[PDB]
Structures are given as C-alpha cells and as structure tokens.
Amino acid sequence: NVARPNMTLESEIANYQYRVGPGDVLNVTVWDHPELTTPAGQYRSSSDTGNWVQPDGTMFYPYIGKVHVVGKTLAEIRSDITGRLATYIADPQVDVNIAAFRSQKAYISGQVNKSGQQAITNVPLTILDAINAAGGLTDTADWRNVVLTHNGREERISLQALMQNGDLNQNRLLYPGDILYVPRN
C-alpha cells in the first residue's frame, strides 16, 4: 500500500469557523481606553481578567450591558460590541478574541501518551492534530482500529494507514463532544 489522500477534508477546514459557547472567557480590546481594556490593570493574564460567557449565552460588557455572544463568530461579536459602544464612546476601535476556550472540547483517550480533553478553538483540530497533540501513540496501540464517536456514530480510523501510508481519508475534523479512543492492542 501507499497513499489514499482526502481533499474532501479540505472542505470542513475551508469554512472552519469557531463559535462562542458558554464558559468561554472573552478578551475585549478598546484602543485608547485602558480603563476598559484592563480594568484590573496590566499584569494579570487576559484569562484572569476577561469576560465570562454566561449559560444564557450573554456576557456583560460595561455601559452596553448584556451582549448575546453564543453561536456568534468573533467578528460578529466585535461588530456588535463596537456598534453599541458608539453610544458611549465616539468611534470606538474594538477587537475581541478568546482568552480561554472552555465551552467546547474533544476527548482523546486510550493508548496515547497523554490522554485528556483538547479544546475546540479557532484553529481546526483534526484527528492528526489531536494525536500529535496527545504526543503520539504508545507502543501497544491498536492504531489500525481507532474509534471515533461523532454525532451518534462510531467510525473506525486507521492511524497506521494515515501515517505509514498517507491515507488522508483516515483524517477527520473533530467536533465538540467527539470521542477519539485508541484501544489497546
């Protein structure tokens, strides 16, 4: 055997867009307004000082009040906060990113060297990324019969074919809640 690529995976990475979910910590920057950008000062990390997304899908932001952010992209949230701050600040220059990815994760467990949660973020997490992020497989992984649970199905995945034969069809884009289990040999 040799290759068996997948430019169909080119697709879910093409339009890949993260959407904010509850428990995320947002970091809002208002240029020329350090009283807004760093209300607790400059030393603490943005995740220790950022805005928490509540379970009802909003975050509080000063002057404008509650802002619905769940299910929106960063650019939409940036656009929505900017337009509402315009009431209180003339021509606000605002950006928004995510200080802590907490709402969405995948579960990479089994015969990997580090098991555990991996966040879904603004960057695509494929099976390839998660296995390499979990630090590769142990010597005793059944790397021909990796189990991916996604939206109610199981799918068998052959990492062996992915890496030793370049069968890119074995790669998948991971979604919130997915389980990637590497059984023991």
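Position 1 is the first residue in the sequence shown; the rest follow in order.
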Worksheet item: Of the two stretches 136-144 and 37-45, which shows the higher Cα B-factor on average in the entry?
Response: 136-144
Worksheet, complete the sentence: Averaging the C-alpha temperature factors as deposited, the higher value of 165-173 versus 7-15 falls on 7-15
Worksheet entry | Peak C-alpha temperature factor (PDB record), options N51, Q160, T29, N122 | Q160
Discussion item. Sorting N97, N113, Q93, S79 by Cα temperature factor from the record, which one lands on top?
Written reply: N113
Worksheet entry | CA B-factor placement of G65, once the chain's modelled residues are sorted into thirds | middle
Worksheet item: Comparing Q118 with the other modelled residues of its chain, is its CA B-factor in the lowest, middle or highest third?
Response: lowest
Practice prompt. Taking the values exactly as deposited, rank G152 by C-alpha B-factor within its chain and report the matching third: lowest, middle or highest.
Written response: highest
